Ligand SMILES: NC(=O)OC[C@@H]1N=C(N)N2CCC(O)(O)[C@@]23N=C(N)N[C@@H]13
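In structure tokens, the next block holds one chain alone, the form deposited without this ligand.
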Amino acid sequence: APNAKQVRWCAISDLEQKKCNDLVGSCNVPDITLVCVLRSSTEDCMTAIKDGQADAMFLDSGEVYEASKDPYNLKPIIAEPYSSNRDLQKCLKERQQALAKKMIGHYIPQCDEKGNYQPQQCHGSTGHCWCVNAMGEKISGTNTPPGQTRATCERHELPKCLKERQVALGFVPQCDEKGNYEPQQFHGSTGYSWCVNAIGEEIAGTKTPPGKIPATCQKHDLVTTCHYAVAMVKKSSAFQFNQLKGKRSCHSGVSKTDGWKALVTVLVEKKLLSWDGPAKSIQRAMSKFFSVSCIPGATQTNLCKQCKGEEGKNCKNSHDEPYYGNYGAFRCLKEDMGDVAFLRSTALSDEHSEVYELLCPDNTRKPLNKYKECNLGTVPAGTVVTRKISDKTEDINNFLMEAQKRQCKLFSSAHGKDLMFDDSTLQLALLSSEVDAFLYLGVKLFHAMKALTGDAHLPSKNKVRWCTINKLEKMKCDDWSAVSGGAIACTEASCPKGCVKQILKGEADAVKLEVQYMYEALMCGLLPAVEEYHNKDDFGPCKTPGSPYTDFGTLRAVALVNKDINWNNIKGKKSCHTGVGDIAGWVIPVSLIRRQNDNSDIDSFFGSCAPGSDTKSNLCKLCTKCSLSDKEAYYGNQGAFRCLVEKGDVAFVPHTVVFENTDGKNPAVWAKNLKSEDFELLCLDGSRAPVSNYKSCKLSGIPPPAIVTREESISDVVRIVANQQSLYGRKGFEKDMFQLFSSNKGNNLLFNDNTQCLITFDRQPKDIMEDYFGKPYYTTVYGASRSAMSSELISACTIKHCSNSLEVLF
């Protein structure tokens, strides 16, 4: 026992502890010992993990929000991945995953030299073969046994969007770099803009003429194998959905979506459940809605009267209650202890079609196989949770991954169904450490959960909650709030993206974002209310807002070089950059190069000092060394210009850099004998220009910093910002009380200190991505696509659209 680790799994029932103790014996994972801690309910297992008495458990997706709060403070870490229409390199990953399993004779996907699925797939140990599309999905009916004539497989790899950009050039849709439909479509000849499904089908009520502001189009992902909450009834009964009041019911549990929450949402929407807002209880109204029921975990007696558990176990969130869970709820319906069962579609099977049918919110009934048309909503997968502090996440993940490779019986047991995990689970994958309850559920589901538990917040129309990113920003905001007359409040986040999440969560209202964060924020539906105006010379727009402007103060990214050089002979040259993350030094030039060649600039291109790269890549030679820090003398605008003068003659820098050190402003030894005439810049033609021609001899201009907010909060934010700006800041009536654009607490806190003022963003009848970024920046950096970058935040702002398979795209 040197590096011997313990993973304590919390079991809520005797049946779960039996299955868990089976895995302690039958499952040998090297260096990780499994321990089974027994509690009496779901809630007590959550408390045990919060107390450090257990490490992990599986929770229904409807329990994730409440688990993230006191008195539990748990966080999802491991969950079943879904098959998406945006999975890349799927055959290669599935082949690697299948080869990692410690078993002989299992199906291992076969890929070609490019990593595509081979159109024919075979299970080697059995001799069966079948056909397959680009996503590895079996073409229906093509499975043949050994010794039978095989189905001839075609390549089924052309996506739907690209096969309709050809039946046009022989309305032309806009497609991904991977052939997926873009969420926003623009008709090139009629000027219309509308929003499209994940299959490219038009969303109702989104078309706009050229003179109108386009609709707000959310990203979509086509996903397969969705489970649903359904109302299951016997065919011998006669009541419809709007006659549930007074009936006997049975639910999987009070905290699950398949047994609660989904039903409560539908009852409220259909106006069948009479109940005032939360804090005025949902259980009280439900206890008056149903006559007598079994709802495990319920605190009203009549909602527990139909439960069958023995004393001490009756109505518990535990398999010790025989009617708990999806199969327990069906059992209660079967034994006629209730008139209707609320459970997940996974509990349905064709053997129940003789006696059972589905109660639809349509006030109609349908067979079980119509559950995709007769349901109370989708139910996302459950997840393994642990403490937010994530002290044991590594050990928990290592055990489950190793247990899955070694074919341990994780997702089945002779003792019962849905023990420890959902039996329907096929695999468990580790989630990003960034993932919390908000990211896992997504923005829409999170707010539905937030509203159901009574934590919903309706912000003031007259107060703006400003999000800060550090203690210095919090102090300046506090100074701002103290003089704002109740118009400004302050919240705290760790970083700009944390502020973006708070705004989406309804915990904050506004934050200033640099350009690097605007792509994710605009993806999630946020909009810029006001922008930083930086024209130090012209002040007209700042004293009468709404008056036109000539230059917004935008920085312009230039290539600066006394020698011969043009944009076309840049390859194999001594070029430096301010940093790998900086926008002018790295983002825009690399985007130009990687579009005029095929994506190899990690110095298989150039010669080049670009800090923040591999220790001795070809980069860090012209640059202890090559650090994203002041300790590298070639970092920043001042840096990488010391390169331009000393080590090589080409620099990727903003237009301001030369004026900062030309004509003698930066002593040292080198930096005050150069002239503004000694350095000139390279245009995109290949010509040269004087360094003040940066407004024409430019690679690109970078958009200004924007204060973002929700769409519904826009009008109130600009009006409060405008009112507050007239009072405080540059040339304000009471600016001796407070300053917006400077502070004794620090520099560049809430806004950049060199900001002249804040100008209200005026939305043009164009795509919001091009409206803020500008088409030169949008096309060069993101390819004018909504799929150029992916993150956990963008995924949480993506609508999951279900489908029986992905074959609709081929």
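A residue's number is simply how far along the shown sequence it sits, counting from 1.
Of the other compared PDB entries of this protein that include residues on both sides, at least a third leave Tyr694 without atoms.
Modelled in this chain, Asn723 is likewise resolved in all the other entries of the protein that span it on both sides, not missing from even a third of them. Counting the unmodelled positions of the deposited sequence between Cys623 and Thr624 gives a long gap of 10 or more residues.
Deposited sequence between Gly170 and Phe171: 4 to 9 residues lack coordinates. Stretches 289-297 and 672-680 differ in mean CA B factor, with 672-680 having the higher one.
Here the stretch with the larger average CA B-factor, out of 765-773 and 59-67, is 765-773. Across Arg150, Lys114, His106, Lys207, the entry's maximum B-factor at the CA atom is seen for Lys207. Looking at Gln121, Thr386, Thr378, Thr578, the one whose CA carries the top B-factor in the deposited record is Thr578. Per the PDB record, residue ranking by Cα B-factor puts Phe330 in the middle third of the chain. Per the PDB record, residue ranking by Cα B-factor puts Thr224 in the middle third of the chain.
Placement of the Cα temperature factor of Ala4 within the chain: middle third of the modelled residues, per the deposited record. The PDB entry assigns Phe421 a C-alpha temperature factor belonging to the lowest third of its chain's modelled residues. Ranked by Cα temperature factor within the chain, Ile199 sits in the middle third according to the deposited record.
Another form exists, solved in complex with this ligand; not displayed. Remarks below refer to it.
Judged by the 2.4 Å clash test against backbone and C-beta atoms, the pocket of this chain is blocked once this ligand is superposed from its pose in the deposited complex, as three or more ligand atoms violate the cut-off. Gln764 is the sole member of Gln53, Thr33, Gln764, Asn754 with a non-hydrogen atom within 4.5 Å of this ligand in the deposited complex. Contact annotation: of the candidates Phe239, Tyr549, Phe659, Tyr82, the single residue with a non-hydrogen atom within 4.5 angstroms of this ligand in the deposited complex is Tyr549.
Within this chain, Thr554 lines the site of this ligand in the deposited complex, having a heavy atom no more than 4.5 Å away.
Taking non-hydrogen atoms only, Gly579 never approaches this ligand to within 4.5 angstroms in the deposited complex. In the deposited complex, this ligand sits within 4.5 Å of a heavy atom of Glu531.
This ligand in the deposited complex is approached by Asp771, whose closest heavy atom lies within 4.5 angstroms of it. Of the candidate stretches 43-51, 60-68, 754-762, 741-749, only 754-762 has residues whose heavy atoms lie within 4.5 Å of this ligand in the deposited complex.
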